[PDB]
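*Asks:* This is the content of final29.cif (mmCIF, C-alpha atoms):
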data_upload
loop_
_atom_site.group_PDB
_atom_site.id
_atom_site.type_symbol
_atom_site.label_atom_id
_atom_site.label_comp_id
_atom_site.auth_asym_id
_atom_site.auth_seq_id
_atom_site.Cartn_x
_atom_site.Cartn_y
_atom_site.Cartn_z
ATOM 1 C CA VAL A 1 6.642 74.852 -10.229
ATOM 2 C CA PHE A 2 5.852 75.304 -13.075
ATOM 3 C CA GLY A 3 4.534 71.779 -13.300
ATOM 4 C CA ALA A 4 1.517 69.771 -14.371
ATOM 5 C CA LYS A 5 -1.917 69.868 -12.737
ATOM 6 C CA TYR A 6 -2.285 66.072 -12.848
ATOM 7 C CA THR A 7 0.533 63.533 -12.674
ATOM 8 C CA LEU A 8 0.139 59.830 -13.549
ATOM 9 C CA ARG A 9 2.852 57.279 -12.685
ATOM 10 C CA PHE A 10 2.520 54.313 -15.021
ATOM 11 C CA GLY A 11 4.458 51.136 -14.304
ATOM 12 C CA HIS A 12 5.379 47.646 -15.421
ATOM 13 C CA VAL A 13 6.106 48.708 -19.001
ATOM 14 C CA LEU A 14 8.716 45.923 -19.382
ATOM 15 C CA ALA A 15 12.454 46.412 -20.062
ATOM 16 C CA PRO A 16 14.081 49.836 -20.492
ATOM 17 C CA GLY A 17 14.545 50.915 -24.109
ATOM 18 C CA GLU A 18 12.439 48.092 -25.583
ATOM 19 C CA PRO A 19 9.423 48.673 -27.920
ATOM 20 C CA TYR A 20 6.748 48.812 -25.205
ATOM 21 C CA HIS A 21 8.675 51.369 -23.190
ATOM 22 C CA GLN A 22 9.284 53.366 -26.349
ATOM 23 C CA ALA A 23 5.581 53.297 -27.129
ATOM 24 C CA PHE A 24 4.503 54.322 -23.616
ATOM 25 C CA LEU A 25 6.910 57.295 -23.840
ATOM 26 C CA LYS A 26 5.269 58.291 -27.161
ATOM 27 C CA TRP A 27 1.871 58.007 -25.540
ATOM 28 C CA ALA A 28 2.939 60.077 -22.522
ATOM 29 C CA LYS A 29 4.488 62.769 -24.727
ATOM 30 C CA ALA A 30 1.269 62.987 -26.853
ATOM 31 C CA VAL A 31 -1.059 63.258 -23.796
ATOM 32 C CA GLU A 32 1.233 65.952 -22.394
ATOM 33 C CA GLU A 33 1.148 67.855 -25.714
ATOM 34 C CA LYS A 34 -2.615 67.588 -26.236
ATOM 35 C CA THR A 35 -3.430 68.546 -22.597
ATOM 36 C CA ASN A 36 -1.043 71.498 -22.793
ATOM 37 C CA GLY A 37 1.172 70.116 -20.012
ATOM 38 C CA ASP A 38 -1.754 69.784 -17.582
ATOM 39 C CA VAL A 39 -1.371 65.984 -17.500
ATOM 40 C CA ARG A 40 2.150 64.700 -16.931
ATOM 41 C CA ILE A 41 2.639 60.930 -17.350
ATOM 42 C CA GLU A 42 5.729 59.347 -15.865
ATOM 43 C CA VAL A 43 6.618 55.938 -17.273
ATOM 44 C CA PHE A 44 8.395 53.249 -15.169
ATOM 45 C CA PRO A 45 10.023 50.160 -16.682
ATOM 46 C CA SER A 46 9.417 46.800 -15.041
ATOM 47 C CA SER A 47 11.832 45.582 -12.383
ATOM 48 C CA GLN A 48 13.079 41.985 -12.740
ATOM 49 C CA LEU A 49 13.553 41.912 -8.924
ATOM 50 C CA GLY A 50 11.313 39.467 -6.997
ATOM 51 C CA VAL A 51 9.485 41.975 -4.737
ATOM 52 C CA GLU A 52 5.818 41.920 -3.588
ATOM 53 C CA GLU A 53 3.701 44.563 -5.324
ATOM 54 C CA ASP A 54 -0.026 44.836 -4.669
ATOM 55 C CA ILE A 55 -0.683 46.777 -7.882
ATOM 56 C CA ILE A 56 -4.483 46.331 -7.805
ATOM 57 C CA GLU A 57 -4.790 47.502 -4.197
ATOM 58 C CA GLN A 58 -3.199 50.833 -5.247
ATOM 59 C CA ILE A 59 -5.701 51.165 -8.124
ATOM 60 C CA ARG A 60 -8.534 50.406 -5.629
ATOM 61 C CA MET A 61 -7.036 52.950 -3.182
ATOM 62 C CA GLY A 62 -7.420 55.704 -5.852
ATOM 63 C CA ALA A 63 -3.689 56.540 -6.215
ATOM 64 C CA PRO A 64 -2.546 58.328 -9.444
ATOM 65 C CA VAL A 65 -1.010 55.140 -10.782
ATOM 66 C CA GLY A 66 -1.422 52.809 -13.757
ATOM 67 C CA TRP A 67 -0.146 49.419 -14.827
ATOM 68 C CA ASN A 68 0.538 47.398 -17.927
ATOM 69 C CA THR A 69 -1.116 44.149 -16.820
ATOM 70 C CA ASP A 70 -3.209 41.377 -18.477
ATOM 71 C CA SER A 71 -6.565 39.522 -18.352
ATOM 72 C CA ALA A 72 -4.954 36.661 -16.450
ATOM 73 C CA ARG A 73 -4.662 39.239 -13.638
ATOM 74 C CA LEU A 74 -7.945 41.104 -14.200
ATOM 75 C CA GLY A 75 -9.675 37.729 -14.520
ATOM 76 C CA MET A 76 -8.974 37.266 -10.797
ATOM 77 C CA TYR A 77 -11.560 40.004 -10.207
ATOM 78 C CA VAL A 78 -14.165 39.718 -12.975
ATOM 79 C CA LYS A 79 -13.695 36.031 -13.843
ATOM 80 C CA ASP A 80 -14.858 35.988 -17.448
ATOM 81 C CA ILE A 81 -12.492 38.642 -18.833
ATOM 82 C CA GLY A 82 -9.760 36.046 -18.145
ATOM 83 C CA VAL A 83 -10.864 34.160 -21.260
ATOM 84 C CA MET A 84 -8.556 36.527 -23.231
ATOM 85 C CA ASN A 85 -5.362 34.961 -21.724
ATOM 86 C CA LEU A 86 -6.287 31.395 -22.584
ATOM 87 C CA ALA A 87 -4.511 29.291 -25.218
ATOM 88 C CA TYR A 88 -5.601 30.032 -28.813
ATOM 89 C CA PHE A 89 -8.199 32.665 -27.800
ATOM 90 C CA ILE A 90 -7.402 34.998 -30.733
ATOM 91 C CA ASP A 91 -7.580 31.994 -33.113
ATOM 92 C CA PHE A 92 -10.951 30.899 -31.772
ATOM 93 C CA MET A 93 -12.076 34.493 -32.360
ATOM 94 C CA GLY A 94 -11.046 34.013 -36.022
ATOM 95 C CA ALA A 95 -7.898 36.147 -36.224
ATOM 96 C CA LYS A 96 -5.235 34.635 -38.461
ATOM 97 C CA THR A 97 -3.021 37.678 -39.255
ATOM 98 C CA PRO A 98 -1.709 40.684 -37.238
ATOM 99 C CA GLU A 99 -4.195 43.135 -38.821
ATOM 100 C CA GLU A 100 -7.036 40.656 -38.209
ATOM 101 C CA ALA A 101 -5.993 40.327 -34.550
ATOM 102 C CA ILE A 102 -6.316 44.126 -34.025
ATOM 103 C CA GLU A 103 -9.674 44.186 -35.813
ATOM 104 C CA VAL A 104 -11.005 41.403 -33.556
ATOM 105 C CA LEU A 105 -9.840 43.394 -30.486
ATOM 106 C CA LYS A 106 -11.797 46.440 -31.747
ATOM 107 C CA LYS A 107 -14.880 44.247 -32.181
ATOM 108 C CA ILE A 108 -14.413 42.854 -28.682
ATOM 109 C CA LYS A 109 -14.205 46.406 -27.302
ATOM 110 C CA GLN A 110 -17.507 47.553 -28.785
ATOM 111 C CA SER A 111 -19.180 44.248 -27.729
ATOM 112 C CA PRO A 112 -21.954 44.617 -25.122
ATOM 113 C CA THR A 113 -20.344 41.765 -23.142
ATOM 114 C CA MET A 114 -16.896 43.424 -22.962
ATOM 115 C CA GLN A 115 -18.544 46.731 -22.068
ATOM 116 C CA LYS A 116 -20.315 44.865 -19.268
ATOM 117 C CA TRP A 117 -17.101 43.342 -17.868
ATOM 118 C CA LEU A 118 -15.344 46.716 -17.997
ATOM 119 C CA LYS A 119 -18.187 48.395 -16.119
ATOM 120 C CA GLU A 120 -17.989 45.677 -13.429
ATOM 121 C CA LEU A 121 -14.224 46.189 -13.124
ATOM 122 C CA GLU A 122 -14.776 49.905 -12.658
ATOM 123 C CA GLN A 123 -17.786 49.768 -10.292
ATOM 124 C CA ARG A 124 -16.975 46.699 -8.190
ATOM 125 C CA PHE A 125 -13.177 47.070 -8.159
ATOM 126 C CA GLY A 126 -12.269 50.661 -9.112
ATOM 127 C CA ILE A 127 -10.245 49.479 -12.139
ATOM 128 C CA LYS A 128 -10.448 51.558 -15.304
ATOM 129 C CA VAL A 129 -9.197 49.875 -18.507
ATOM 130 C CA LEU A 130 -7.741 52.592 -20.766
ATOM 131 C CA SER A 131 -6.803 50.124 -23.498
ATOM 132 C CA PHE A 132 -6.180 46.514 -24.483
ATOM 133 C CA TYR A 133 -4.727 47.166 -27.973
ATOM 134 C CA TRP A 134 -1.263 46.364 -26.627
ATOM 135 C CA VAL A 135 0.028 43.099 -27.998
ATOM 136 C CA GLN A 136 3.409 41.468 -27.333
ATOM 137 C CA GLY A 137 2.943 38.847 -30.048
ATOM 138 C CA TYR A 138 2.631 35.082 -30.344
ATOM 139 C CA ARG A 139 4.352 32.787 -27.934
ATOM 140 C CA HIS A 140 5.927 29.501 -29.025
ATOM 141 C CA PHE A 141 7.538 26.608 -27.142
ATOM 142 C CA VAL A 142 11.294 26.910 -26.429
ATOM 143 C CA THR A 143 12.723 23.459 -25.716
ATOM 144 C CA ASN A 144 15.550 20.954 -26.376
ATOM 145 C CA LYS A 145 13.034 18.611 -28.068
ATOM 146 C CA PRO A 146 10.964 19.494 -31.158
ATOM 147 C CA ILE A 147 7.238 19.970 -30.399
ATOM 148 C CA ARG A 148 4.949 19.015 -33.312
ATOM 149 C CA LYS A 149 1.974 17.436 -31.488
ATOM 150 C CA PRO A 150 0.609 17.532 -27.888
ATOM 151 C CA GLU A 151 2.168 14.159 -26.979
ATOM 152 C CA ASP A 152 5.658 15.689 -27.427
ATOM 153 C CA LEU A 153 5.064 17.848 -24.322
ATOM 154 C CA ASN A 154 4.242 14.844 -22.068
ATOM 155 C CA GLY A 155 6.463 14.908 -19.017
ATOM 156 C CA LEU A 156 8.127 18.195 -20.000
ATOM 157 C CA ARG A 157 8.473 20.836 -17.275
ATOM 158 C CA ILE A 158 7.718 24.071 -19.182
ATOM 159 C CA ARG A 159 7.953 27.390 -17.397
ATOM 160 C CA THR A 160 4.994 29.723 -17.905
ATOM 161 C CA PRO A 161 3.744 32.774 -15.898
ATOM 162 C CA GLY A 162 2.168 32.031 -12.529
ATOM 163 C CA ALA A 163 -1.528 32.858 -13.017
ATOM 164 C CA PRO A 164 -4.137 30.127 -13.673
ATOM 165 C CA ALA A 165 -4.899 31.170 -17.295
ATOM 166 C CA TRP A 166 -1.278 30.330 -18.199
ATOM 167 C CA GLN A 167 -0.765 27.295 -15.960
ATOM 168 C CA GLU A 168 -4.012 25.570 -16.957
ATOM 169 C CA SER A 169 -3.484 26.359 -20.639
ATOM 170 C CA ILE A 170 0.032 24.834 -20.747
ATOM 171 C CA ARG A 171 -1.196 21.875 -18.703
ATOM 172 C CA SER A 172 -4.083 21.267 -21.118
ATOM 173 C CA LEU A 173 -1.683 21.304 -24.140
ATOM 174 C CA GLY A 174 0.176 18.398 -22.513
ATOM 175 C CA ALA A 175 3.004 19.807 -20.390
ATOM 176 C CA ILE A 176 3.782 20.175 -16.684
ATOM 177 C CA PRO A 177 3.555 23.947 -16.099
ATOM 178 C CA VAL A 178 6.150 25.447 -13.733
ATOM 179 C CA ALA A 179 6.396 29.010 -12.349
ATOM 180 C CA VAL A 180 9.841 30.647 -12.550
ATOM 181 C CA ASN A 181 10.760 34.321 -12.285
ATOM 182 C CA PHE A 182 11.553 35.395 -15.847
ATOM 183 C CA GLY A 183 15.061 36.564 -14.947
ATOM 184 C CA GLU A 184 15.702 33.027 -13.641
ATOM 185 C CA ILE A 185 14.566 30.989 -16.691
ATOM 186 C CA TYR A 186 18.159 30.673 -17.942
ATOM 187 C CA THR A 187 19.279 29.408 -14.472
ATOM 188 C CA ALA A 188 16.324 27.015 -14.277
ATOM 189 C CA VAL A 189 17.263 25.518 -17.676
ATOM 190 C CA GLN A 190 21.044 25.335 -17.018
ATOM 191 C CA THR A 191 20.447 23.712 -13.592
ATOM 192 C CA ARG A 192 17.798 21.364 -15.099
ATOM 193 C CA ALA A 193 14.929 22.537 -12.846
ATOM 194 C CA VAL A 194 12.841 23.011 -16.040
ATOM 195 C CA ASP A 195 12.997 21.549 -19.570
ATOM 196 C CA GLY A 196 11.920 24.648 -21.489
ATOM 197 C CA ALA A 197 9.732 27.723 -21.699
ATOM 198 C CA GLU A 198 7.190 29.338 -23.983
ATOM 199 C CA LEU A 199 8.034 32.837 -25.140
ATOM 200 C CA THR A 200 8.288 35.317 -27.993
ATOM 201 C CA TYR A 201 11.432 35.452 -30.177
ATOM 202 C CA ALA A 202 12.364 38.827 -28.576
ATOM 203 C CA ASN A 203 12.219 37.244 -25.098
ATOM 204 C CA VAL A 204 14.305 34.282 -26.257
ATOM 205 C CA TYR A 205 16.871 36.448 -28.035
ATOM 206 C CA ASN A 206 17.246 39.204 -25.414
ATOM 207 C CA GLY A 207 17.507 36.584 -22.649
ATOM 208 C CA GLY A 208 20.262 34.750 -24.574
ATOM 209 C CA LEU A 209 18.209 31.616 -24.075
ATOM 210 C CA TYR A 210 19.468 30.228 -27.408
ATOM 211 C CA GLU A 211 22.623 29.272 -25.453
ATOM 212 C CA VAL A 212 20.642 26.610 -23.508
ATOM 213 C CA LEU A 213 17.563 25.794 -25.605
ATOM 214 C CA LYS A 214 17.807 24.667 -29.246
ATOM 215 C CA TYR A 215 14.228 24.538 -30.584
ATOM 216 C CA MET A 216 11.560 27.130 -31.249
ATOM 217 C CA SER A 217 8.373 25.247 -32.146
ATOM 218 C CA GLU A 218 5.780 27.574 -33.628
ATOM 219 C CA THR A 219 2.614 26.436 -31.899
ATOM 220 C CA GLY A 220 1.585 30.114 -31.566
ATOM 221 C CA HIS A 221 -0.514 29.009 -28.577
ATOM 222 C CA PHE A 222 -0.796 32.480 -26.906
ATOM 223 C CA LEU A 223 -1.217 35.961 -28.279
ATOM 224 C CA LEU A 224 -0.287 38.155 -25.294
ATOM 225 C CA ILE A 225 -2.837 40.922 -24.978
ATOM 226 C CA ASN A 226 -1.937 43.480 -22.346
ATOM 227 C CA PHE A 227 -4.499 45.554 -20.477
ATOM 228 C CA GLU A 228 -3.593 49.107 -19.522
ATOM 229 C CA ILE A 229 -5.295 50.133 -16.285
ATOM 230 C CA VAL A 230 -5.629 53.209 -14.051
ATOM 231 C CA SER A 231 -7.641 54.093 -10.923
ATOM 232 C CA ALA A 232 -11.283 54.714 -11.857
ATOM 233 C CA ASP A 233 -11.461 57.356 -9.071
ATOM 234 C CA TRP A 234 -8.450 59.223 -10.441
ATOM 235 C CA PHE A 235 -9.490 58.913 -14.090
ATOM 236 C CA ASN A 236 -12.984 60.215 -13.216
ATOM 237 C CA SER A 237 -11.410 63.175 -11.368
ATOM 238 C CA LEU A 238 -10.019 64.381 -14.698
ATOM 239 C CA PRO A 239 -11.956 66.590 -17.072
ATOM 240 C CA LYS A 240 -13.830 64.637 -19.774
ATOM 241 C CA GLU A 241 -11.670 66.115 -22.559
ATOM 242 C CA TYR A 242 -8.560 64.748 -20.855
ATOM 243 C CA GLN A 243 -10.219 61.408 -20.219
ATOM 244 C CA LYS A 244 -10.775 61.082 -23.981
ATOM 245 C CA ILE A 245 -7.278 62.236 -24.937
ATOM 246 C CA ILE A 246 -5.659 59.730 -22.571
ATOM 247 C CA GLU A 247 -7.668 56.717 -23.830
ATOM 248 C CA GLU A 248 -7.509 57.670 -27.532
ATOM 249 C CA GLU A 249 -3.807 58.363 -27.512
ATOM 250 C CA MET A 250 -3.009 55.037 -25.961
ATOM 251 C CA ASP A 251 -5.304 52.948 -28.152
ATOM 252 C CA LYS A 252 -3.401 54.673 -30.967
ATOM 253 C CA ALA A 253 0.068 54.052 -29.516
ATOM 254 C CA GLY A 254 -0.975 50.488 -28.735
ATOM 255 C CA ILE A 255 -2.205 49.614 -32.244
ATOM 256 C CA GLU A 256 1.037 51.080 -33.596
ATOM 257 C CA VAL A 257 3.489 49.070 -31.459
ATOM 258 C CA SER A 258 1.379 45.873 -31.719
ATOM 259 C CA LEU A 259 1.691 45.843 -35.506
ATOM 260 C CA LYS A 260 5.393 46.720 -35.440
ATOM 261 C CA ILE A 261 5.950 43.848 -33.016
ATOM 262 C CA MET A 262 3.825 41.356 -35.005
ATOM 263 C CA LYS A 263 4.758 42.391 -38.556
ATOM 264 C CA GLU A 264 8.451 43.314 -38.146
ATOM 265 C CA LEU A 265 10.248 42.933 -34.830
ATOM 266 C CA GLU A 266 9.315 39.358 -34.097
ATOM 267 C CA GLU A 267 10.409 38.499 -37.654
ATOM 268 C CA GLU A 268 13.807 40.191 -37.089
ATOM 269 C CA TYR A 269 14.341 38.372 -33.814
ATOM 270 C CA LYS A 270 13.447 35.073 -35.506
ATOM 271 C CA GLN A 271 16.243 35.729 -38.002
ATOM 272 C CA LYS A 272 18.631 36.620 -35.172
ATOM 273 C CA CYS A 273 17.725 33.404 -33.334
ATOM 274 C CA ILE A 274 18.327 31.348 -36.484
ATOM 275 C CA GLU A 275 21.663 33.144 -36.782
ATOM 276 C CA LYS A 276 22.469 32.065 -33.186
ATOM 277 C CA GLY A 277 21.889 28.478 -34.186
ATOM 278 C CA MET A 278 18.330 27.704 -33.094
ATOM 279 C CA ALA A 279 16.193 25.211 -34.982
ATOM 280 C CA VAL A 280 12.714 26.489 -35.833
ATOM 281 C CA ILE A 281 9.887 23.985 -36.197
ATOM 282 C CA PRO A 282 7.602 26.012 -38.486
ATOM 283 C CA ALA A 283 3.854 26.273 -37.918
ATOM 284 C CA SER A 284 3.112 24.276 -41.087
ATOM 285 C CA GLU A 285 4.928 21.292 -39.548
ATOM 286 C CA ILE A 286 2.838 21.409 -36.381
ATOM 287 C CA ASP A 287 -0.527 19.832 -35.742
ATOM 288 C CA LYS A 288 -2.090 23.139 -34.564
ATOM 289 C CA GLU A 289 -5.657 21.752 -34.735
ATOM 290 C CA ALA A 290 -4.621 19.012 -32.283
ATOM 291 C CA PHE A 291 -3.366 21.755 -29.909
ATOM 292 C CA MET A 292 -6.489 23.868 -30.358
ATOM 293 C CA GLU A 293 -8.560 20.792 -29.477
ATOM 294 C CA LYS A 294 -6.496 20.156 -26.322
ATOM 295 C CA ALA A 295 -6.778 23.867 -25.383
ATOM 296 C CA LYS A 296 -10.601 23.641 -24.981
ATOM 297 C CA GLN A 297 -10.130 21.689 -21.733
ATOM 298 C CA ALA A 298 -8.481 24.739 -20.085
ATOM 299 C CA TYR A 299 -11.581 26.785 -20.937
ATOM 300 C CA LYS A 300 -13.719 24.107 -19.246
ATOM 301 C CA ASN A 301 -11.458 23.636 -16.202
ATOM 302 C CA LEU A 302 -11.604 27.369 -15.440
ATOM 303 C CA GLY A 303 -15.263 27.944 -16.387
ATOM 304 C CA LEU A 304 -14.607 30.295 -19.323
ATOM 305 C CA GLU A 305 -16.101 28.456 -22.324
ATOM 306 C CA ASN A 306 -19.403 30.372 -22.003
ATOM 307 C CA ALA A 307 -17.330 33.570 -21.933
ATOM 308 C CA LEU A 308 -15.614 32.655 -25.235
ATOM 309 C CA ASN A 309 -18.888 31.679 -26.931
ATOM 310 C CA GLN A 310 -20.517 34.870 -25.747
ATOM 311 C CA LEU A 311 -17.697 36.876 -27.343
ATOM 312 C CA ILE A 312 -17.848 34.779 -30.571
ATOM 313 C CA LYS A 313 -21.576 35.604 -30.976
ATOM 314 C CA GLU A 314 -21.290 39.401 -30.743
ATOM 315 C CA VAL A 315 -18.158 39.665 -32.900
ATOM 316 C CA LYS A 316 -19.451 37.497 -35.863
ATOM 317 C CA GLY A 317 -20.635 40.691 -37.514
ATOM 318 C CA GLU A 318 -20.087 42.647 -39.830
#
If you took the structure in this file and wrote it as C-alpha cells, what would it be?

*Replies:*
Amino acid sequence: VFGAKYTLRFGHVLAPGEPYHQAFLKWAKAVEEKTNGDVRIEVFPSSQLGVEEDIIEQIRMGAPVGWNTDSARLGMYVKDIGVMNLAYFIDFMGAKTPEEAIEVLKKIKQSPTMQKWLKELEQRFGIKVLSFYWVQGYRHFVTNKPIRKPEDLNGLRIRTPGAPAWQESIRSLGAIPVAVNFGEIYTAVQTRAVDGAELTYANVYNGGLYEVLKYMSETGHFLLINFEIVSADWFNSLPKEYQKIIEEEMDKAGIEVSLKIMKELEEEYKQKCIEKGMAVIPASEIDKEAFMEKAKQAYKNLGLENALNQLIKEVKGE
C-alpha cells in the first residue's frame, strides 16, 4: 500500500555506487516511470562474501528475481552460447573499437542462431535473457613480469574466474589458471599463492592491486559481456507492453554504460594506475596475433569452434 503490482528483485549488479549499479538504477527508474509504478524493480549490489547461491535454480523455480550473469554461466545449460566468454571472441567477430563491439552484439542478437539458443534457454531451462548489451570492458594481464608473447605466461599462476570458459582460455594462452575469490586476489598475491590476475583497470585500481602488481600488459584477451536474466515464467506473466518496456529500457541502459566504460572510464582508471606507479605494456608492443592463435585451442577443447563459425557466418552482413 500503495505499491507496485509487480516487483522484480535484481541481483549481482557488482559493487555499490559503481557504474553498473548506477546504470541498473537508471533502468529500474525508467521501467517504473514507463509502467506507471506498476513494475517496481529493486536492485541489489553483489556481495563479496563467499556464500553458496543457486541463482539459476531460483530462475527455474519462477521467482520474481533476475541476475547480472554471463555466458560462461549460461553456457553450462545451452553449451554453445558459452562461446561468447572465450578469449578474443569479440575480435574474431571483427570488432576492433567500442562502437564496433556494440554493433556486433546487435548483429548477434538478430542472428537466427542466437535466437535459437535464447529460445532453448527459455523453453528447456526457464531462463529469459533480457539483454546482453552490458559490457565491463577489456581485460588485460596484471603481473610482476611483462607479458608480450604467450611464452611469458609459462609457469605463471594467474587467477581468473572459476568457470571453464575462463580457465580453459587462460590455460590456452599459456598460463596456469587459478580460481580465487575476487576479494582475496590481493591476499593471494601478497602471500604468493598466485603470480598475477587478469582484470580491467577499474578492478585493478579499486582493489588497490597496484600495491602488489607492477605490470598491466594490454593483451585485451577478454571483452566481458554480461547477460541479464529473469525467470521466463515471471516475465511471461507480465503484460506484453511491460515485457517490451523492460527489455528495451535495459538494452538502452546497457549500451549507454558499456560505451562510457569502454570510451571513458577505463581510460581514466588507466591514468590513475599510471599515477600509482604501474607500468603499462601497450597493445602495440604485444604479439596479439600470437595470442589469438593460442586462443583457438580453448574453442576446440570445449567444443565451441562450430559455435563461433556459425555466428561469424550470420553476422558477415550487411

*Asks:* Give me, as a Markdown table, the closest atom pair and its distance (Å, one decimal) for every residue of region 93-152 of chain A within a cut-off of 7 Å of region 195-206 of chain A, counting all atoms listed in the file, rows sorted by chain and rising number.

*Replies:*
| residue | atom | partner | partner_atom | distance |
| --- | --- | --- | --- | --- |
| A:137 | CA | A:200 | CA | 6.7 |
| A:138 | CA | A:200 | CA | 6.1 |
| A:139 | CA | A:199 | CA | 4.6 |
| A:140 | CA | A:198 | CA | 5.2 |
| A:141 | CA | A:198 | CA | 4.2 |
| A:142 | CA | A:197 | CA | 5.0 |
| A:143 | CA | A:196 | CA | 4.5 |

*Asks:* What is the distance, in Å and to one decimal place, between CA of residue 80 (chain A) and CA of residue 304 (chain A)?

*Replies:*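 Separating CA of residue 80 (chain A) from CA of residue 304 (chain A) is a distance of 6.0 Å.
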
*Asks:* Please expand the PyMOL selection byres ((chain A and resi 182) around 10) into the concrete residues it hits in this file, giving the result as a PyMOL selection string.

*Replies:* chain A and resi 48-50+159-161+179-181+183-188+197+203+207

*Asks:* When the PyMOL selection byres ((chain A and resi 214) around 10) is applied to the structure above, which residues does it catch, written out as number ranges by chain?

*Replies:* A: 142-146, 196, 209-213, 215-217, 273-274, 276-280

*Asks:* Hey, what's within 10 Å of residue 90 (chain A) if we count only C-alpha atoms and toss same-chain stuff fewer than 2 positions away? As a list in words, please?

*Replies:* residues 84, 85, 86, 87, 88, 92, 93, 94, 95, 96, 97, 100, 101, 102, 104, 105, 221, 222, 223, 224 and 225 of chain A

*Asks:* I'd like the residues picked by the PyMOL selection byres ((chain A and resi 154) around 8) written out as an mmCIF file with C-alpha atoms, keeping the file's coordinate frame, using the chain letters and numbers from the file.

*Replies:*
data_model
loop_
_atom_site.group_PDB
_atom_site.id
_atom_site.type_symbol
_atom_site.label_atom_id
_atom_site.label_comp_id
_atom_site.auth_asym_id
_atom_site.auth_seq_id
_atom_site.Cartn_x
_atom_site.Cartn_y
_atom_site.Cartn_z
ATOM 1 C CA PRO A 150 0.609 17.532 -27.888
ATOM 2 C CA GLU A 151 2.168 14.159 -26.979
ATOM 3 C CA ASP A 152 5.658 15.689 -27.427
ATOM 4 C CA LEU A 153 5.064 17.848 -24.322
ATOM 5 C CA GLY A 155 6.463 14.908 -19.017
ATOM 6 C CA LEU A 156 8.127 18.195 -20.000
ATOM 7 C CA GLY A 174 0.176 18.398 -22.513
ATOM 8 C CA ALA A 175 3.004 19.807 -20.390
ATOM 9 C CA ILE A 176 3.782 20.175 -16.684
#

*Asks:* Would you kindly return, as a PyMOL selection string, each protein, DNA or RNA residue with an atom no farther than 9 Å from any atom of residue 172 (chain A), considering all atoms listed in the file and excluding same-chain residues fewer than 6 positions away?

*Replies:* chain A and resi 291+294-298
